[PDB]
C-alpha cells in the first residue's frame, strides 16, 4: 500500500548484524534489531504427533521445554521459538491457538524463573488451495485469517506466513527457463497477492496487540534454489536461480509496505535486500540450518541478520540431547560470537569476513553480499511505485552485478555465463509499460497453464 521510494540506509556500509533502523519490541522482554542478534529455533513434530490435537500440543510442549531448558543451562540471554504450522493447525484455527497457548505457558514459566528474554513466532500455513488449484480468495480465506487472530489471541507474538501467490505460474516457468514468466509470477502476481493478505494480517496484529512480522518468497525463489541444488547439479542454472532471488525482493518487500514491521522470515534469503530498503529487522538462515537443507551462502547470510535460524529439523533424539537442543545451542553460540563483535565494536570486520567467505562461491551468494544487495535495493526503489518495473529493474540490476563479478574473480562456467546472457536479453526486450506486460502475460499464461485462475489475483 505505501511504497518505498528511497533506502533506509545511506550506504551499504552502515548495515550490520543485530542492529536495524526500526527495532521491534515483543514477547517477554525481547527486542529485535536493538543491538543483539537472537537465535530462532525451528522444529517439526514427528508424524505420529499429528494424529490428534492432544498429541500435537504434547509434542510442542516437549519441544518448548527442551529448548528453554537448554538455553538456561548454557547461559544464553535470549531466544525465539518459531512454530511452522502443520496444515491441520491452520485448517482448524483453534488447534494452532492451543499449541500457541501451551508453548507460551512454558516460556512464561522460564521467563519468571530466570529472566531469559524470549518470543514466540507462529507461521500459519497458506491453506488457500485445493487438490486442483489455488484458491487465494475463496472459502478458505476467512479460515486463514482466523488462524492468525486465534494464535495472536493465545500467545503468539510474531505472525508470519510463506504465501503462495504466483506459485502456479512460477512452477511452470522455472522448469522452462521462462524468465518473463519468473518476472510475472514472482514480481507481479506475488506482489498483488502479498498486498491483499498483508493488509489483513497487519490489521489482525494491531487489533490483538501483536506483531506483523513478514513473509518469504520460499514458494518460488527457494524452489528455484533447491532445483538448482549444489555446484554439480544440472537441473537449473545458478545464474537463473539468482535472478529469481532478485525478483523475490520487491515481492517480499510488499509485506512491509502493507504494515509488517519485521523480523522477516528466516528462509527469506532476499531479506538482505529488503532490510537495506526498509531498515527493518530480518531473520536469516545458512550454515546452521543444514539440518533442513544445503546452501551455498552459509556464512554470508549472517552479515546483517537480526535473528539466526536453523529453518527446520524433525524433533527426535541425538547423542547430545534433543534435536531442538542441539541446534538451538549452535544458533545461540553463533549469535554470541556476533554479540561479542557488537559489544567490542568489531561487528563490521566480522560482517565483512562473513560476506567474503561466500562472495565467490556462487552467483547466488555474490548477489546477496550486502553491498550488492543494497545495489539491488537502489534499483527497486528508483521505480518504487511500480510493482512491475521495480521488479524488472531488480532482475536486470542482478544481471549487471553478476556480469561485473564474472569480469573479476567470480568464476562462472560457460553454461552459467550463457544462461545469464540469454536472460538479460529476455529482460531487456520487455516493455517498460506495466499494463502492456500484465496483459500479454495474462493471456499467455491463461493459455499455457491451465491451472492458472486469474480470479485468484482480482482479474
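Residue numbers count along the first chain shown, from 1.
Mean C-alpha B-factor comparison - 325-333 and 146-154, higher one: Going by the record's values, the stretch with the higher mean is 146-154.
Can you tell me which stretch has the higher mean Cα B-factor, 390-398 or 428-436? The recorded data point to 428-436.
Between 372, 88, 103, 299, which one tops the list for Cα B-factor in this entry? Largest recorded C-alpha B-factor: 88.
Name the one of 71, 164, 183, 253 with the greatest CA B-factor according to the PDB entry. Comparing C-alpha B-factors across 71, 164, 183, 253, the maximum falls on 164.
With respect to C-alpha B-factor, does residue 345 fall in the lowest, middle or highest third of the chain as deposited? Lowest third of the chain for residue 345's C-alpha B-factor.
Relative to the other modelled residues in the chain, which third contains the C-alpha temperature factor of residue 33: lowest, middle or highest? Ranked within chain, residue 33 CA B lands in the lowest tercile.
Could you look up the Cα B-factor of residue 140 in the entry and say which third of the chain it sits in: lowest, middle or highest? As the PDB entry reports it, the C-alpha B-factor of residue 140 lands in the highest third of its chain.
Divide the modelled residues of the chain into thirds by Cα B-factor and specify which third, lowest, middle or highest, holds residue 27. Its C-alpha B-factor, which the entry lists for residue 27, ranks in the middle third among residues of this chain.
Sorting by Cα B-factor within the chain, modelled residues only, which third would residue 77 end up in: lowest, middle or highest? Lowest third - that is where residue 77 ends up once the chain's C-alpha B-factors are sorted.
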